[PDB]
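Reading through the structure tokens given below for one structure.
Numbers here simply count residues along the sequence, with the first being 1.
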Amino acid sequence: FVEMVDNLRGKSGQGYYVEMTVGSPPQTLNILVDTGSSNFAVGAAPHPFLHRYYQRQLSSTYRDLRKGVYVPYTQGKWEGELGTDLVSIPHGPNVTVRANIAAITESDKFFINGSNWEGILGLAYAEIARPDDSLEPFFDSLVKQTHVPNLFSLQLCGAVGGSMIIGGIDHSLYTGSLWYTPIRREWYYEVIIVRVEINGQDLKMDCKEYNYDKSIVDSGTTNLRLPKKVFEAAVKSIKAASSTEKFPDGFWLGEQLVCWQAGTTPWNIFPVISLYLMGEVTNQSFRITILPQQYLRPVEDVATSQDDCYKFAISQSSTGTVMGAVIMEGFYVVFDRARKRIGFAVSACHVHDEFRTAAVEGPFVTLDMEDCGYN
Ligand SMILES: CC(C)c1cccc(CNC[C@@H](O)[C@@H]2COC/C=C/C[C@@H](c3ccccc3)NC(=O)c3cc(cc(N(C)S(C)(=O)=O)c3)C(=O)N2)c1
């Protein structure tokens with residue numbers, strides 16, 4: 001797995017990407033790793049923000065599937081033409097497999113000026129593939145075509161880099177225990193949140209609320225996104241904990257940055273946030289704790305660089321909870337498809353400071369026998 005270590009790069013909340021090749025002869029593209037969707041898609045026509053794109057006419061292994069496809073995410077949108085071709089991951093397992101590829105020919109607010117990636121690897125299940133669930137996702141083809149075990153793990157670092165280990169778990173990438181929460185249903189990587197605390201204080205809502213109307217693990221979304229009711233309760237609590245300083249409403253909404261004299265950020269006025277995930281046994285849970293160094297994301301800009309400036313990276317959602325890269329960075333996350341479970345452990349690349357450390361820990365029990373799944 002050592003060959004696979006540090007095979008991810010990124011630009012800081014611009015997304016983590018892995019090098020892949022498509023076509024014969026191999027065309028090199030950087031591909032965003034997305035556990036929040038299930039299409040493999042690449043830029044296939046010129047675009048002002050693409051340094052390079054897939055040229056189907058140059059690949060003798062390309063087969064056209066005579067079917068278009070359109071994919072709108074929460075933000076960003078592309079459309080294109082389906083086909084298959086040979087795909088490999090130079091710093092992944094040593095194999096080449098044939099896979100579906102959407103060749104993107106038009107898009108909106110999807111590619112980013114200077115991002116370095118030219119396509120997207122949807123690693124979730126066929127149930128949410130477009131145009132429908134008969135379009136086998138990349139990781140399904142990989143496992144069917146090779147002897148790779150049905151598991152991958154992500155260590156997203158930033159603050160960027162990281163590792164996606166295909167087929168296994170690399171112990172050098174984490175410390176302490178791995179804790180597992182069940183995948184509720186194979187579509188998104190859907191999980192169940194049973195309790196939320198902000199500086200050790202329970203939000204005290206019915207736990208179904210935390211999962212209204214699903215909770216997902218999504219490396220393709222930057223923020224921790226929360227159902228409105230949870231988001232409003234979370235912000236109330238963070239504000240109360242951090243009340244020695246008062247920030248504008250635009251800060252709370254992600255529309256404005258807050259800035260401090262370089263090196264003087266008052267991390268200790270901001271609370272730790274704990275998400276307790278359903279465990280593998282009845283009414284047991286574990287918690288993952290995040291520090292303000294994860295949920296206050298630095299915005300790099302030479303122009304404001306006398307300061308450190310941050311965006312609040314918790315935001316509201318009308319489509320359920322999204323545990324985005326805010327939650328994943330500094331955890332080693334194991335997508336154990338074979339055992340229908342997702343493991344979390346503290347990563348070798350945790351942020352911590354001299355006072356507080358992100359954690360994955362348990363077990364915790366609750367007598368209340370309510371199931372937290374929203375039907
Ligand atoms: C089943 C499919 C069709 C579907 C449909 C609807 C929702 C989903 C759930 N998964 C979404 C994921 O798949 C795509 C993937 O997008 C990858 C792009 C990353 C670029 C990055 C970025 C943009 C601009 C500057 C820096 C980074 N975007 C976000 O962080 C980025 C990306 C996305 C959402 C956000 N949020 C809205 S946010 C502002 O963090 O709250 C942020 C997003 O939609 N990501 C899935």
Side-chain angles (χ1 to χ4, degrees), residues 8-16 75 112-116 155-162 196-201 203 219 221-226 230-275 287-299 301-317 321-331 346-360:
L8 292 183
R9 303 259 132 142
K11 299 289 296 309
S12 194
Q14 286 191 330
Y16 292 80
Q75 59 181 59
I112 306 157
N113 208 356
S115 82
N116 253 49
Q155 179 205 40
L156 311 179
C157 291
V160 318
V196 172
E197 287 164 0
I198 306 256
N199 248 5
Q201 315 269 270
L203 260 23
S219 68
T221 284
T222 286
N223 287 358
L224 174 54
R225 299 229 287 158
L226 294 167
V230 187
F231 170 72
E232 284 173 354
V235 165
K236 163 167 178 87
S237 181
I238 304 169
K239 285 182 192 183
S242 68
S243 68
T244 59
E245 291 189 22
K246 294 295 189 171
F247 307 110
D249 286 340
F251 169 71
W252 302 103
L253 294 172
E255 290 155 353
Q256 273 179 58
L257 301 182
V258 287
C259 305
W260 287 276
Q261 221 313 306
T264 76
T265 303
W267 300 114
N268 295 344
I269 71 160
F270 287 96
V272 307
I273 301 179
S274 299
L275 304 183
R287 69 186 172 191
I288 59 209
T289 66
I290 72 161
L291 308 192
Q293 284 96 148
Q294 304 157 268
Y295 70 79
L296 298 180
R297 292 178 331 96
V299 177
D301 185 343
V302 178
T304 60
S305 75
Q306 71 182 196
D307 276 13
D308 296 327
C309 295
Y310 307 85
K311 203 187 184 226
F312 185 54
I314 298 174
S315 50
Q316 179 178 152
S317 165
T321 292
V322 191
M323 294 165 68
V326 163
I327 296 291
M328 290 173 83
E329 284 162 22
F331 301 110
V346 333
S347 175
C349 77
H350 51 248
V351 58
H352 74 321
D353 62 25
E354 325 94 287
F355 306 91
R356 295 185 295 191
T357 296
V360 187

Side chain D308, main chain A262, donor-acceptor under 3.5 Å: no
Residues that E232 engages under salt bridge (charged side-chain N to carboxylate O under 4.0 Å, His left out), provided they are two or more places apart: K228
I288 vs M323 side-chain heavy atoms within contact, under 4.5 Å: yes
Taking every non-hydrogen atom, the tightest pair across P266 and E245: CG-OE2, 3.8 Å
Any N268 side-chain heavy atom under 4.5 Å of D353 side chain: yes
Heavy-atom side-chain proximity of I238 to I314 below 4.5 angstrom: yes
Min side-chain heavy-atom separation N223-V322 under 4.5 Å: no
Nearest-0.5 Å distance that lies between atom CZ in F251 and atom OH in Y310: 10.5 Å
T321 backbone acceptor or donor facing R225 side chain under 3.5 Å: no
Sidechain-backbone polar pair: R356 side chain, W267 backbone, donor-acceptor under 3.5 Å: yes
For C309 against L257, the heavy-atom pair lying closest together: CB-CD1, 4.0 Å
Pairwise distance CG(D307) to CG(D301) - rounded to 0.5 angstrom: 11.0 Å
Euclidean distance, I198 CD1 relative to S237 OG, rounded to 0.5 Å: 4.5 Å
Least distance between heavy atoms, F331 atom then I290 atom: CE1-CG2, 3.8 Å
Atom pair OH/CZ of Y295 and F270 - distance to nearest 0.5 Å: 6.5 Å
Close side-chain approach of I273 to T289, heavy-atom, < 4.5 Å: no
Exercise: identify the closest heavy-atom pair between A234 and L226: CB-CD1, 4.0 Å
Approximate separation, where rounding is to 0.5 Å, of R297 CZ and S12 OG: 6.5 Å
For the student: nearest non-hydrogen atoms of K311 and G254, plus distance: CE-O, 3.3 Å
Residues forming a side-chain hydrogen bond (donor to acceptor under 3.5 Å, both in side chains) with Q14, sequence neighbours excluded: none
CD on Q294 to NE2 on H352, rounded to 0.5 Å: 11.5 Å
Distance-minimising heavy-atom pair for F231 and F312: CE1-CE2, 4.3 Å
Qualifying residue, where the test is side-chain contact (heavy atoms from CB on, under 4.5 Å) with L156 and the options are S219, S347, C349: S219
